[PDB]
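Derivation of every value follows stated rules applied to the coordinates shown; laboratory data play no part. For neighbour counting, all protein chains shown are included, and Cβ atoms are generated from backbone atoms with ideal geometry for every residue, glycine included.
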Amino acid sequence: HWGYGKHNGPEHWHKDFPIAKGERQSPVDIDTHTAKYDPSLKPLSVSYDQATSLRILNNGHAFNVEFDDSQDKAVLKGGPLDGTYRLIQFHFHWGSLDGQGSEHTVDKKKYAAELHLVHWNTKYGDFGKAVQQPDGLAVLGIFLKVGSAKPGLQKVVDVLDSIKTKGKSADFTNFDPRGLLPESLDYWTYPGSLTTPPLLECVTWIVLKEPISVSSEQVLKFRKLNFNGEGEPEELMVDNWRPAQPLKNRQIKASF
Ligand SMILES: [Zn+2]
């Protein structure tokens, strides 16, 4: 029964998911002055040319674009990672207002939204096994600021009318996730967690320094989605972000 409201939101999650107060929770504030350049970090390798998108789903918390991860088609390698991580889904977190919506912050700055490209370590064989390992997932996080339209986002924006409510899905084949990336792959990296229940501590976070720009009309369309199911009272899907969590005994490393 978790969500983002006063009564079921992030301040409540620890009662069902005690790891909410754990040692490696996400997101965090990235203090750009404290993050250390790690000259031994490799360039990220983002290999999305064979990505096979299947479906888009309103899960009552966000919308997920899901990929065929039955083989090594779209993978993330390099940077801080050992081995091959397969793309399984992406989703966003966003705000009711342009001044909030991101989960990570940069020197306490909040962006309008944040894109999460979720990958799993193929050495664990399936996604459900991967989330029970400390190096099971790699999530590529990309900030969204409101400015110019992102052309490669518009196919996603166009289909949101067809998945307005919780449990609706639509076929979403032949979507190229390369169109959501900024020019630069400079990043920050730290060990953390899923930012939604069950809050598992299985994620290597890779957060790109360069935001992408989306238009006010693009993010407006995200805010027309509904948290509720069809035939239930309308609740706009806005402010589906977890606030920054204590850094505790962690260092954020910069690739640049
Ligand atoms: Zn996320």
(request) At a Cα cut-off below 21 Å, give the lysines reachable from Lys21, other chains included and same-chain residues fewer than 8 away excluded. (result) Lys6, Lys108, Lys248
(request) Give the whole-number value, in cubic angstrom per residue, of the convex hull volume spanned by the C-alpha atoms of segment 72-177. (result) 154
(request) Please find the FRET efficiency linking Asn59 to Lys155, where r is the Cβ-Cβ separation and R0 is fixed at 22 Å, and quote it to the nearest 0.05. (result) 0.70
(request) Tell me the Kirkwood hydrodynamic radius of segment 101-256 in angstroms, computed as one over the mean inverse distance between distinct C-alpha pairs. (result) 17.1
(request) Sort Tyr187, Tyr4, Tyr85 so that the residue with the fewest other Cβ atoms within 10 Å of its own Cβ comes first and the one with the most comes last. (result) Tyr4, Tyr187, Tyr85
(message) I want the local charge near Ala51. Using Cβ-Cβ distances under 12 Å, sum +1 for each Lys or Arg and -1 for each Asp or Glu among the other residues.
(response) -3
(request) Compare the Cα positions of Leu140, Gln71, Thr173 along the charge dipole of the chain (+1 at Cβ of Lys, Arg; -1 at Cβ of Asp, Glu; about the Cα centre) and return the one farthest towards the positive end. (result) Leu140
(message) Give me the percent relative contact order of the chain, please, defined on Cα pairs under 8 angstrom at least 6 residues apart.
(response) 27
(request) Identify all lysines with a Cα-Cα distance to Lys155 below 19 Å; exclude those on the same chain that are fewer than 8 residues away in sequence. (result) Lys145, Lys164, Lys168, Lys221, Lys224
(request) May I ask you to derive the FRET efficiency for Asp107 and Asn249 from their Cβ-Cβ distance with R0 = 30 Å, giving the value to the nearest 0.05? (result) 0.90
(message) For the pair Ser213/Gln50, report the inter-label distance in nm, with labels modelled 7 Å from Cα in the Cβ direction.
(response) 3.5
(message) If a paramagnetic tag sat 7 Å from the Cα of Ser148 along the Cα-Cβ line, which residues of segment 168-188 would have the backbone N under 17 Å from that point?
(response) 179-185
(message) Normalised radius of gyration for segment 180-249, please: alpha carbon Rg relative to 2.2 N^0.38 Å, two decimal places.
(response) 1.45
(request) For segment 165-217, state which GluC sites (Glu not before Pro) are in a DSSP loop and have at most 10 other beta carbons lying within 10 Å of their beta carbon. (result) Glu183
(message) For a quick check of your reading of the filter: which trypsin sites (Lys or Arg not before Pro) in segment 100-146 sit in a DSSP loop and have no more than 16 other Cβ atoms within 10 Å?
(response) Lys108
